[PDB]
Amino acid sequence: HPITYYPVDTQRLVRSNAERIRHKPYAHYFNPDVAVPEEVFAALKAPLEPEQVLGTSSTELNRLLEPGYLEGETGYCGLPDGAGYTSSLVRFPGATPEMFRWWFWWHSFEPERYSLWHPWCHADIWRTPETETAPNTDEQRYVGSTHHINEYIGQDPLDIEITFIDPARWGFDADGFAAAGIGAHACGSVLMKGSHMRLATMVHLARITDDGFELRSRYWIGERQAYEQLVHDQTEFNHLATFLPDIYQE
């Protein structure tokens, strides 16, 4: 189902994104059409129950390594204090997790590449560039790096910084990833520019499936922010799934 709500400022951004990407060789992947799968619609209408929230203890994070699904794979809710939580499953048919690793460095070296991923919300990305072409591993081209991002989440533009970390630092059983079909990850702290206020802890796990892979994402963020993040994640990662294999191939 096509998205029915486009914040006014993103309506401007999609047009300026379209214009500046015109003559890039990956321009033909730029497509504003965004939609969310019928399977997630209920999650758009009702918050998760506190018995569907995953904790951040070593034990709870490693439950994601279990085959099959946990409760509340896709949804959002407010938490104790004004904190927030977001969960989101997105399927990537015809893709492999290696493509997800490659994507998470490749997009980060040009704002126009970043804009492919969410034409409406992605305004700017920068990194402080030798890493793109340094001789010799996909993970080594973004893990341990900081992505400076300017994007819309909801109506609000944000200026944030994401540093990607070895999942082991959070107590993930990294040695168990391969057996569990987890071929990619992207985990990090989301911090505000300047203030360095923590905004979210974020996990993205790419797990091999029969059809390709599936992306399982968790955000520990207020209640509003978690809802915007749910919409954001479903929108941009479903969008990425429509061209990731083709753009990886090319």
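All residue numbers are counted from 1 along the displayed sequence.
**Student:** Zero if continuous, otherwise a range: how many residues of the deposited sequence are missing coordinates between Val203 and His204 (none, 1 to 3, 4 to 9, 10 or more)?
**Tutor:** Missing residues, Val203 to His204: none.
**Student:** Which is higher on average in the deposited entry, the C-alpha temperature factors of 114 to 122 or of 79 to 87?
**Tutor:** Going by the record's values, the stretch with the higher mean is 79 to 87.
**Student:** What stretch has the higher average Cα B-factor here, 52 to 60 or 29 to 37?
**Tutor:** Higher mean C-alpha B-factor: 52 to 60.
**Student:** Kindly indicate the residue among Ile153, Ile149, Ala95, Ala134 with the greatest C-alpha B-factor in the PDB record.
**Tutor:** Out of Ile153, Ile149, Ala95, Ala134, the record gives the largest C-alpha B-factor to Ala134.
**Student:** Can you tell me which of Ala174, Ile160, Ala180, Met99 has the maximum CA B-factor listed in the PDB entry?
**Tutor:** That would be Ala174.
**Student:** Sort the modelled residues of this chain by their C-alpha B factor and say whether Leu215 lands in the lowest, middle or highest third.
**Tutor:** Answer is lowest: the recorded C-alpha B-factor places it there.
**Student:** Sorting by Cα B-factor within the chain, modelled residues only, which third would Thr74 end up in: lowest, middle or highest?
**Tutor:** Middle third - that is where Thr74 ends up once the chain's C-alpha B-factors are sorted.
**Student:** Ordered by C-alpha B-factor within the chain, which third holds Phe109? Give me lowest, middle or highest, please.
**Tutor:** Middle third, going by the recorded CA B-factors of the chain.
**Student:** Quick check on the deposited entry: does the C-alpha B-factor of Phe164 sit in the lowest, middle or highest third of its chain?
**Tutor:** Ranked within chain, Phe164 CA B lands in the middle tercile.
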